[PDB]
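Two forms of a single protein chain come next, each set out by itself as structure tokens; they are called structure 1 and structure 2.
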Structure 1
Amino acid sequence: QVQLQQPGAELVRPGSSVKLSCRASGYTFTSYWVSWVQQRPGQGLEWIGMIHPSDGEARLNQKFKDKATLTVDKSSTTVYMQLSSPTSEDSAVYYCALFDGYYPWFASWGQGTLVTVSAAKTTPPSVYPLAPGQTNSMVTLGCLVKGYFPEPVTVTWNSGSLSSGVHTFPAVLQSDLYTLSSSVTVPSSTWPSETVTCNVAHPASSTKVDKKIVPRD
């Protein structure tokens, strides 16, 4: 099987060198064009350009002429794309892809590298309990996860034992840091008698925070 091995995530500091790697295996590296393809957060795909590893010839999209540098290491059968002067505008998933032989469509893809451009320092989250200030058969409780970097955080409720009625929302960019929230919906007769705690794991800061939701005084 053809394999294109890309790292999961790279964090690159502004005005610094984004060198993205695509390790090829299971085929003759020097025979076929390798493209790079950009996917901004839910924005659809942009072809950056392609390189022939036999000699390192690069044909770029005109859009990426002053932005993308493509190279090749034949001895590690690896393709590199380098982004010059990267900004938050260039934060995206970058795929490498192989032409279906000599045909200009993509049978084989890498898993893509999530590239975050940012000057933010590793910061653990602040976790705020969201408790109700009204009676119904169900009650919704929450956790606000604010000012962490980088992605990702992992949110569970009661250490994974509450999973039904949970909505963990995708992170938003706030003040060059990440904010996120999670809601849990349980029967009213069961809270606060049976306790409800949100667990927020941030591996990059080697930090976990638990907040028990208690009724507002």
Structure 2
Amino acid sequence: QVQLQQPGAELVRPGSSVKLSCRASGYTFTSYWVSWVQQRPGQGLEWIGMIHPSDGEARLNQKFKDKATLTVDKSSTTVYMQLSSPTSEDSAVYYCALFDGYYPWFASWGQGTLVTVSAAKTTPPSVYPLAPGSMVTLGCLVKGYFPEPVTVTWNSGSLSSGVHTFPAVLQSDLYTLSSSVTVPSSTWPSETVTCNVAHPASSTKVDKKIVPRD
């Protein structure tokens, strides 16, 4: 069967060009076009362009004419797309796809490469406890970390229900995330509630106790 191998993720610094890879197998590489497709987070699909590995001819969507550059390496049956002067607007999943023979619809896709645009370095998170002003809700604010991911647990997993860990938001090159836990009123503040945050990239693992506030 046809295969299109893409890396899961790629980190790129703003203004610094990145070269995305898509290795093709399972068909004659030199006979068919390979397309690139952009998917902004929450947005739809947008066709960037395609390249033919026969001689490396490329046809681009004019909207990306000055944005993307397509290249081939026939020795490793790999196609590449490069992004010039990338900003945070270029943070998206980039798919390579293959037409259904010579029919211009996509029968084969790669897994997609999540491109994160950021000039930040491996930064550890600052973990803040959120104590509220008959179910009581608590939270931990995991602010200013890089990169994804982080792991949040409550009392080491004993509290799996009532836990909401939310998707991170990228604000200033850094990620911020929050987690909530809802428990009976009889359990807090009478008992101990702790959020356990792990940032593997930094090799950090912090525990923050939620103490009441006078």
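So that the term is clear: the rigid core is the largest set of C-alpha atoms that superpose within 1.5 Å between two forms. Residue 1 is the first residue of structure 1, and the numbers go on in sequence order from there.
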message = Out of 171, 186, 37, 60, I need the residue that shifts by 2 angstroms or more at the Cα between the two structures, core superposed.
response = 186
query = Based on C-alpha superpositions, what is the rotation angle in degrees of the smaller rigid part between the two structures?
reply = 13
note = Using a rigid core superposition, the C-alpha offset of residue 15 between the two structures in Å is 1.3
key: Rigid core fit between the two structures: Cα deviation of residue 199 in angstrom   = 2.8
query = Once both forms share the same rigid core frame, by what distance in Å has the CA of residue 75 shifted between the two structures?
reply = 0.6
